[PDB]
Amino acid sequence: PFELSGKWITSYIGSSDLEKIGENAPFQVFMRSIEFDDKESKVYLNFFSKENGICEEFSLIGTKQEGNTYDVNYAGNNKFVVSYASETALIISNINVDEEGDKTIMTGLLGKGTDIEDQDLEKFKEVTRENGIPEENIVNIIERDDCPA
């Protein structure tokens, strides 16, 4: 029985739009924890993001929708799905439509902080590729995560 809820840190993030994941961008998300409240059909996302260089924490609440999709507001509208789940990682596929209406597809590899297991990384890169996102559009989040634990 897989436990999806708990501590989850971001290791890598791929994106179709580089403007959304650079330094201080809305999607350079340093995950801290994700909670799946299936009884209440909600999802609790906690993370840090940089704006003007300093770390800023976020505690969002998303609602479960059709299939395995989750709706959540942040820098536009988002619809994300947990494409992959193992005992060491989680791979999220998210589609964001910002305030300007620009559509951006993104992917992310989440772990228990730690150390990255190449097995999950290869799956992340494969998912990223399948979404038409090139390898050069992948950023290493762990190297950039200096935000509070």
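Note that residue numbering begins at 1 and tracks the sequence as displayed. Only the largest set of C-alpha atoms that superpose within 1.5 Å between the two forms is called the rigid core.
Of the two segments 28-36 and 110-118, the one whose CA positions lie farther from the displayed form in 8 other deposited structures of this protein, once all are superposed on the rigid core, is 110-118. Here 58-66 and 96-104 are compared by their mean Cα B-factor, and 58-66 comes out higher. When the C-alpha B-factors of 4-12 and 139-147 are averaged, 139-147 comes out higher. Of the candidates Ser41, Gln28, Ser83, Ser33, the one whose C-alpha carries the top B factor in the deposited record is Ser41.
In this PDB entry, the Cα temperature factor of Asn131 sits in the middle third of its chain's modelled residues. Per-chain ranking of the deposited C-alpha B factor places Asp118 in the highest third.
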